[PDB]
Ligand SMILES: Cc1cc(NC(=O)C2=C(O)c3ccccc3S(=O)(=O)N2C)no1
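This document opens with one chain alone, in structure tokens, the form deposited without this ligand.
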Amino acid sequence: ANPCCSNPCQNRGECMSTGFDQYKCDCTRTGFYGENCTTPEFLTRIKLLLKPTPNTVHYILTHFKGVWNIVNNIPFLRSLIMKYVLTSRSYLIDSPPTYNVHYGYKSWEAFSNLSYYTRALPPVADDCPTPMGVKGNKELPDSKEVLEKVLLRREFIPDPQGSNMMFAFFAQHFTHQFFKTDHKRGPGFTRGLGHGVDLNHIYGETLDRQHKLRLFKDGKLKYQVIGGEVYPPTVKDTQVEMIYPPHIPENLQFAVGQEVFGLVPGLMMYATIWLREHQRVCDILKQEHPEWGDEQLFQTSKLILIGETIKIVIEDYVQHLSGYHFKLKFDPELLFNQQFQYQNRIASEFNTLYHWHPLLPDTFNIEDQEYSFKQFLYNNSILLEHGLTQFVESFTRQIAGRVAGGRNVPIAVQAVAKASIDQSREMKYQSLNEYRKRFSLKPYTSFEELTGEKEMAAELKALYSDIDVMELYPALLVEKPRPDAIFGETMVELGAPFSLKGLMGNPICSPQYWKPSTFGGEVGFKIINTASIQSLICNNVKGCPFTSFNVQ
């Protein structure tokens, strides 16, 4: 009933109800005035003209490999480039944070409550006429239906980018320190109050936990030597609570530091690689500092490891996932002379668009056998029986599924995408078009425009009817992959702003933290400065197995 229901306020302006039937727009600092923040300010026009389309840039970025190579070799130039991408990307996200599940308005409660996931777009008034506002029907397409018609995988489609198993699992582990829904509270609630890259998944959510995980000696994390290799310690010994099916014989209930990481040997693989990497930096710091004590060694390592993580996530993981030609660089300084908030709050939207279940294949082939989900899930023995070398080897070579494009959701993880559809529903999310407009993208004129193909398009049109009523999660998967890539524009445009904030806006990236001393010396500083997914494995895996986020 609320006049704002129809999302009248265009151009990022703010709608406020002003008397039951009438509403008002806060066109403040938008660059547009008038009833709906519709008419641009003259200078706005100037910018609007020059604005190259993301795809144009995308082309230009993905092409000219040689021109690009010159750039990658003129430091002054590269950094110069790195900066641009770094800034532009950020004017898009809200910092400090604004809305959420419950607050369509700004409120202190919203701003202060760290248990919520922030929201990039306000939810929809519970008193509106239709779930997407005013457009659509008393209801939305049946979930189970949308799930089956355009989502579920028939024949495994591989990723045309080469993303292997080392990658898909890395992204699972990585995002799983910040995406940690508090189901007991509801979706929209995170249990990772850190709201960012805090390596909580390695260390424990709380100091109480972290302490049950630490050896308190040379700063080392606790661990055990099975066979001749190092593995996380027993839940039995450390007493840390972990999630494990009753049939697990204990004795294999690995501790780690993120309760759920015991349900997929792909998590635990990495969770043992980083455990291994902790002690490693310890022994390095401890050499360099004969005079340091346990707690300092520890505290400094957790910092370097975060340094590495951000290093690897920008220069390998994102670099790959982008398919850019221009080498992205992790250099905290490009921002040192820019306005930039070193704070971050994970948005449910980011949590949502990151439901990349399509990466999963149908069997997990660890050099010699192929296992089903039913054989992989909650089964350490596999990892203990295969070792990490012949696990890194096997995953380096094993393409993963395309995410965007169409029907590639594993019927196993089907229960999941169904839920994903249902939750965003309950979290009163908004139109996919709205989000497109929000991230300065032009809205799809037809389901057919969204898909690029026509079977699904018309198949969707069957249920959604108006494109301006098509949801966000589905269309993210049921969408037209840009060239031979894994995602479509929408997924690339909503996620990149979200990703470079929680990555760049981290305390260790702030001027007061960015310097040798913070990390234990010039040594530990370069540890961060030379991190790579190849080195992570090299130093920690049995025989410097070659690796990459690409199935060669």
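We number the residues from 1 along the sequence you see.
Keep in mind the form deposited with this ligand bound is missing from the figure; the text below concerns it.
- Placing this ligand by C-alpha superposition of the site, using its position in the deposited complex, leaves the pocket open: no ligand atom lies within 2.4 Å of backbone or C-beta atoms here.
- Partner contacts here mean any heavy atom within 4.5 Å of this ligand in the deposited complex, and among 223-231, 84-92, 120-128, 284-292 they occur only in 84-92.
- Contact annotation for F487: at least one heavy atom lies within 4.5 Å of this ligand in the deposited complex.
- None of the heavy atoms of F111 is located within 4.5 Å of this ligand in the deposited complex.
- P40 falls outside the set of residues with a heavy atom inside 4.5 Å of this ligand in the deposited complex.
- Contact annotation for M269: none of its heavy atoms lies within 4.5 Å of this ligand in the deposited complex.
- Every residue in the set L321, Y324 and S499 has a non-hydrogen atom no more than 4.5 Å from this ligand in the deposited complex.
- Contact with this ligand in the deposited complex, judged by any heavy atom within 4.5 Å, is made by just one of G495, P507, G521, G31: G495.
- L328 is the sole member of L328, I273, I157, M242 with a non-hydrogen atom lying within 4.5 angstroms of this ligand in the deposited complex.
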